Amino acid sequence: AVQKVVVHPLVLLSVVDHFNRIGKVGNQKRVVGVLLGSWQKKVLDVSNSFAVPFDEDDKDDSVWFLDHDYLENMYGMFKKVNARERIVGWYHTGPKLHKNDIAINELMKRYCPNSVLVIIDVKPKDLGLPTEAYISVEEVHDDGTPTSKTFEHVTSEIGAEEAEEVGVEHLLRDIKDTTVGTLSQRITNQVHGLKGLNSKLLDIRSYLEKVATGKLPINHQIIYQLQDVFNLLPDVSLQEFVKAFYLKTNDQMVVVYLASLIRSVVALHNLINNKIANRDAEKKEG
Amino acid sequence: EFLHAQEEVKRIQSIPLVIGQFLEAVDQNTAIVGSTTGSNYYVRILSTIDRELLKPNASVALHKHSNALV
Amino acid sequence: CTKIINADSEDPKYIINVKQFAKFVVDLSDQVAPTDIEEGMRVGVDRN
Amino acid sequence: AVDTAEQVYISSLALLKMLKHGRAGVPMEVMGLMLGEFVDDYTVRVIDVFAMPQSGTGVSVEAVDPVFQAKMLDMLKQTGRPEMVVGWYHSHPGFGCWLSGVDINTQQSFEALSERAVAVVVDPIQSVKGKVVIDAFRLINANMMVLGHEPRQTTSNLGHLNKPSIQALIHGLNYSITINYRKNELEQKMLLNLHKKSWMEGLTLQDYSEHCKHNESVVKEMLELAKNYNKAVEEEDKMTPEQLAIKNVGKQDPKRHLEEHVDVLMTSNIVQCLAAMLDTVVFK
Amino acid sequence: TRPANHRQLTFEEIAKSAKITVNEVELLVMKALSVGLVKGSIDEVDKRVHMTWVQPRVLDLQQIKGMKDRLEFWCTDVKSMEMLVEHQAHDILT
Amino acid sequence: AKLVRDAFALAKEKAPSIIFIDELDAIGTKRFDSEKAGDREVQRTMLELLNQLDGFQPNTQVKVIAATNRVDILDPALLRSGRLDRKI
Amino acid sequence: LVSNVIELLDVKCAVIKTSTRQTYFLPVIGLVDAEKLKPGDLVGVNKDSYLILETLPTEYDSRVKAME
Amino acid sequence: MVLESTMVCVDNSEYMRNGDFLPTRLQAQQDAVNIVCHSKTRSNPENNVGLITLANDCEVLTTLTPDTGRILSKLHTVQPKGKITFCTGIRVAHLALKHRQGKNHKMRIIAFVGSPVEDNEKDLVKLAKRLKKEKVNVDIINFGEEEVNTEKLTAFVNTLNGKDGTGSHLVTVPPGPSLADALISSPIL
Amino acid sequence: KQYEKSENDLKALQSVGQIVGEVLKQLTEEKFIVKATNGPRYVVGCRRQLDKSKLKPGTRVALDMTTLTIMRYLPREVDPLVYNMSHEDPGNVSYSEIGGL
Amino acid sequence: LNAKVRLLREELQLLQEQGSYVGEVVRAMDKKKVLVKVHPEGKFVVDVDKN
Amino acid sequence: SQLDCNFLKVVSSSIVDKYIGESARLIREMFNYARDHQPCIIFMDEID
Ligand SMILES: [Zn+2]
């Protein structure tokens, strides 16, 4: 029962290093380990991670090996190095959450009562999905469905911790996408937001197409019981707005007349002084 | 670059700070300030700060590793 | 410099009051036999 | 057999781990052995680093307790690589970035084990905001007496920028191995505004009632700036212009109170209108 | 069944679709609100009623075609606006 | 403070004994005070002694008697009820 | 660094003064125990961490010792 | 001395509760243990041991270790409840063995096939067709339930060999509840 | 049970402790001027979760030793001193021990 | 605008160097030696810069 | 004996100071003290 999960920038680098280290000697295209954090409240700040040997058999995708002995040994050493970290879940790449998901969650649940698995990719940036968090709740069903694995999603956001924010600041020190160049950045933000909305709507469209063609089961219970209501408040007020959008004029009064007047007068005065100075200097030179 | 630099200079007046007293003033960009410790120091003064609120005595903060009037 | 306010018998630990800084619990250096060090005498405690 | 202007490359994760471990125990002092690869005679690279539980009287030869040293390096190879131990964390909370006689005694043994190993010093207190005080050190050879000035050489190449610091001069000095951070493109793809980009929150209109209050709060004082500008425009009437126009203090108007205000007002009042009108057509 | 634009309906419609009296219509709508199936509002002098929903129901494949079409039109419009902004602002975007 | 705390200490230790605070006129003087209060530590010491005296029930047996060559200046609190009460 | 406990809170807690007149709160009581404690008892603390290491035997300064 | 590691597939099936060799059957799987490998380390003190269950798709209860206390402790709690699994059970052990240290150690899987299996006919393709190129060794122990001689299981060793192999042997101790001497003496290993 | 009492024993051997100080003013919604018992003064604020409650211009806070952000509340100490004029005993007296008045 | 990126840049570096102490000199000894008196601590025989 | 039971407030002397500020501080401190409980009545004796 977690409202949100926050990842410390050290963990993302941890996963990226793991993927590079293995893939330099690997081709299975899946690095999987178990992380540690502090389940202080509804929020769970995963703050560090390690590795664990993991091999999986492509036949049936159901034969594998996770060295729980490695689990205990690694955790013991990390406990000696610091006692404030508790094992709270695992991590793995390969956005294609493979079959042995609930199985591994079962195996690792013998070290936590509320284990939460956050999936970390090593690639995309166009959208804003650096990671997503999943939980293994086996609530049987509602309505009339049979039981199943029924993994679930927990909201996530990449966090920070002082003395590490400094590290990242230095490590980047080039893009510096802060309020620098504020007007240009605001326009780029409006463009990027439109692109993101396009992408999300397109994903919804693809799912709707796939469900209508019958390829996938109709998730009446929750998937579209919310899409309909969302479709139900695409603000359509187009009768009194014709007069409710004179607040645009209220903004425009300032943002046009006052700003343009001030900048025009200032520029005129600056030109006046510069020309006067240069003319006097040239005249006096000879 | 300039915008980043202004942000960086602004980022010096935050965080924990230590209180002291503006004992006396010297050439601009510099002054002498007391301290909560009681070991009156010599400090450099941030330019962006005001000038009409620097009373002969006053409560001012100082950087922990710089003891600069921020 | 520092004084000694106790010398735990059969326990090598000693307690000293330096002067104005604070009190402490100290170990006796190997170079000095415990018998040569008593209660109330002035000891040459080192820094660090 | 001679040093030069040599570059030590610390991985991004390595730097992050150094800083986190240092700050976790700031009041005390910490120690952490370094794993890396001895690239070549002028390139020592450390890929990742690992910490050693805070035991003993402090940073000393006790951090190398074999029982713990062997078992980590072991299990670590099982998954990843054996990069041989190359250096150590160390940490001086409020003591600049110096090396003391005990530290020299320690690093002497590590030098013996290796031939060119390095000793890092990461300051967890002073280094904040936008400062990294991570300086790398090596033990000057005991044959100081008379030799080519230092083992630095510096005759091979001119890389010497970022000359020696201040405190190290006061304390034991004369190496200061130059440090250069490697950053894979992917490693910075994340750790980027992935750390704070926005996600889709640009198409937010901002509290409208708040906007109409901020705008008045700004324009009302723009009026005062205008009054001051008039006053300062009557000035320059040939009394002592060259000197006076520069000696007049008070945040000259069209540089800190009439220009910045116009620039902020423009940006805010335009972004608001753009967002409003964009949403007027995105949603139907 | 109304196309989400003219949700304001008239008591005549409720009566003809509910075989209840004109007078009783207001009570029926008030009961609906009270139970909590709609969240509109009731007005008289205009002889109309204003609705707004929070209780959605099940659907069928044919009814999903309308939703798909609405989404497709919305996506086309969003793409158009994004392209317009990107093209016009191209001078200052970078 | 440590001196007084201990002095009334080691009295429960070696339970049978009686304490005599000679020249009490100095350790406790009438409740004059300094606006600076930097030289007011003696008042803290006297209050500590008073507290010790208060925290004492006739079940325990460690008596205290003291002399004051000038009863005039003694703080009119060390004579309240259960602290030094009998006068000779 | 010899010290004492002054205001045991239990909100399991402590408030330690030192011979350096440094009043410092403690997050967790020392590696000792919550019963072997009382409002004032010489207990050692670490040089910087300021935990509560082994308690101490009540010893009297010479100034008061030489008064029997 | 020992050019081999050790992993064991200790059955856990629902049928494992039965009087066929002793108290409650499995009570005997536990029986060899204390010799099921006690004998294997009765070898140079550098042998390696393991443990793998085979019910409910089977988990792993021990990672290769020159220790036995852990394997015994896990054995104490092996409650039998569920249908036996194989093929997948053997492949899990195979992977675990691949993750063995001291490459000098050869592989060995001692299969305590008790309760009946559901394996199809030509399971050999995955059951044995690999161990050759992987130079693996598998041993089969039939805890009774020898349905029609379980030629299906015998075919595993049959696929083994091809010239030389079989490990020690696929010994099916008779349903006579004699003991584990049959798993103590019979195994020359 | 011994292992249990040892695990927490070693685990607690990490805590570093705070500095006991009394807040003085309320500079901003996130900047509160705070002093220390020793005497030096500082400027700090809540950590990330403190209720930002009353914290009147007097109260006990245990600031951190590195960042110094206020960490926790703390009630008044009342060290044995002039600080204990409080002897409200509610109801254990009657005219049963009067002097005839 | 290059002026700004310097008149505001160099100020940061020259604002992060350890400050100075304030003291009272007494009896300048032989040239290149003085006897200052710091506030909390005792008198130090400080040197003299080249300026 | 009444429903006050709170009488004690041993005399009143500590409110003596050299400026009205400290007296106002002490009196509001005691007033809040009284406000703490049910009707509180403050003994004012011990004056010279
Ligand atoms: Zn050091």
# chains A, B, ... in the order shown; residues from 1 in each chain; ligands from 1
$ interface_residues --of "chain G" --to "chain I" --cutoff "6 Å" --atoms "only C-alpha atoms" --output "PyMOL selection string"
chain G and resi 22-27+31+49
$ write_last_selection --atoms "C-alpha atoms" --output "PDB file, in the first residue's frame"
ATOM      1  CA  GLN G  22      27.694  21.104  24.840  1.00  0.00           C
ATOM      2  CA  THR G  23      24.017  20.225  25.230  1.00  0.00           C
ATOM      3  CA  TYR G  24      23.246  17.686  22.516  1.00  0.00           C
ATOM      4  CA  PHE G  25      20.165  15.572  21.962  1.00  0.00           C
ATOM      5  CA  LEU G  26      20.659  11.922  21.100  1.00  0.00           C
ATOM      6  CA  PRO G  27      18.527  10.119  18.518  1.00  0.00           C
ATOM      7  CA  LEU G  31      24.675   0.939  23.070  1.00  0.00           C
ATOM      8  CA  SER G  49      29.454  10.662  17.488  1.00  0.00           C
TER       9      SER G  49
END
$ residues_around --residues "residue 105 of chain A" --least-positions-apart "4" --cutoff "12 Å" --atoms "only C-alpha atoms" --output "PDB file with C-alpha atoms, in the first residue's frame"
ATOM      1  CA  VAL A  32      18.001  -8.359 -12.529  1.00  0.00           C
ATOM      2  CA  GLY A  33      18.915  -7.576  -8.933  1.00  0.00           C
ATOM      3  CA  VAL A  34      17.400  -6.623  -5.595  1.00  0.00           C
ATOM      4  CA  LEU A  66      18.319 -16.571  -8.528  1.00  0.00           C
ATOM      5  CA  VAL A  88      12.289  -3.469  -0.338  1.00  0.00           C
ATOM      6  CA  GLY A  89      12.125  -5.002  -3.818  1.00  0.00           C
ATOM      7  CA  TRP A  90      14.035  -5.828  -6.954  1.00  0.00           C
ATOM      8  CA  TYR A  91      14.915  -4.153 -10.243  1.00  0.00           C
ATOM      9  CA  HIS A  92      15.351  -5.237 -13.836  1.00  0.00           C
ATOM     10  CA  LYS A  99       6.888 -14.210 -17.699  1.00  0.00           C
ATOM     11  CA  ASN A 100       8.951 -14.949 -14.592  1.00  0.00           C
ATOM     12  CA  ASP A 101       7.713 -11.786 -12.892  1.00  0.00           C
ATOM     13  CA  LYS A 109       8.984 -11.901  -0.889  1.00  0.00           C
ATOM     14  CA  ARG A 110      10.724 -14.105   1.679  1.00  0.00           C
ATOM     15  CA  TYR A 111      12.837 -11.047   2.506  1.00  0.00           C
ATOM     16  CA  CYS A 112      10.082  -8.422   2.685  1.00  0.00           C
ATOM     17  CA  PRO A 113       6.354  -8.231   3.507  1.00  0.00           C
ATOM     18  CA  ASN A 114       5.504  -5.520   0.941  1.00  0.00           C
ATOM     19  CA  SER A 115       8.115  -5.955  -1.778  1.00  0.00           C
ATOM     20  CA  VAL A 116       7.755  -3.502  -4.668  1.00  0.00           C
ATOM     21  CA  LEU A 117       9.496  -3.994  -8.017  1.00  0.00           C
ATOM     22  CA  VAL A 118      10.489  -0.933 -10.053  1.00  0.00           C
ATOM     23  CA  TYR A 134       5.085  -2.466  -9.892  1.00  0.00           C
ATOM     24  CA  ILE A 135       3.660  -4.353  -6.908  1.00  0.00           C
ATOM     25  CA  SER A 136       2.525  -7.971  -6.600  1.00  0.00           C
ATOM     26  CA  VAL A 137      -0.911  -7.937  -4.975  1.00  0.00           C
ATOM     27  CA  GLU A 138      -2.806 -11.206  -5.416  1.00  0.00           C
ATOM     28  CA  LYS A 149      -1.131 -13.070 -10.990  1.00  0.00           C
ATOM     29  CA  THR A 150      -2.427  -9.478 -11.203  1.00  0.00           C
ATOM     30  CA  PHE A 151       0.643  -7.318 -10.852  1.00  0.00           C
TER      31      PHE A 151
END
$ select_by_dssp --residues "chain C" --states "strand (DSSP E or B)" --output "PyMOL selection string"
chain C and resi 2-7+14-17+23-26+42-43
$ residues_near_ligand --ligand "ligand 1" --cutoff "9 Å" --atoms "only C-alpha atoms and all ligand atoms" --output "tab-separated table (two decimals) with C-alpha atoms, in the first residue's frame"
chain	number	residue	atom	x	y	z
D	29	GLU	CA	35.74	9.81	8.99
D	58	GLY	CA	39.56	5.85	12.06
D	59	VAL	CA	41.16	5.85	8.66
D	60	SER	CA	44.11	3.51	9.19
D	90	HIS	CA	39.31	8.41	2.75
D	91	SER	CA	37.46	11.53	3.88
D	92	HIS	CA	38.30	14.77	5.74
D	95	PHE	CA	40.08	19.61	7.11
D	97	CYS	CA	41.86	18.15	1.34
D	98	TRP	CA	45.17	17.54	3.11
D	99	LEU	CA	47.04	14.35	3.93
D	100	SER	CA	48.44	13.86	7.44
D	101	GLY	CA	51.32	11.74	8.66
D	102	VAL	CA	49.02	8.89	9.64
D	103	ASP	CA	47.46	9.05	6.18
D	104	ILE	CA	50.94	8.89	4.67
D	121	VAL	CA	40.40	12.64	-0.55
$ select_by_dssp --residues "chain E" --states "alpha helix (DSSP H)" --output "PyMOL selection string"
chain E and resi 11-18+24-35+61-88+90-93
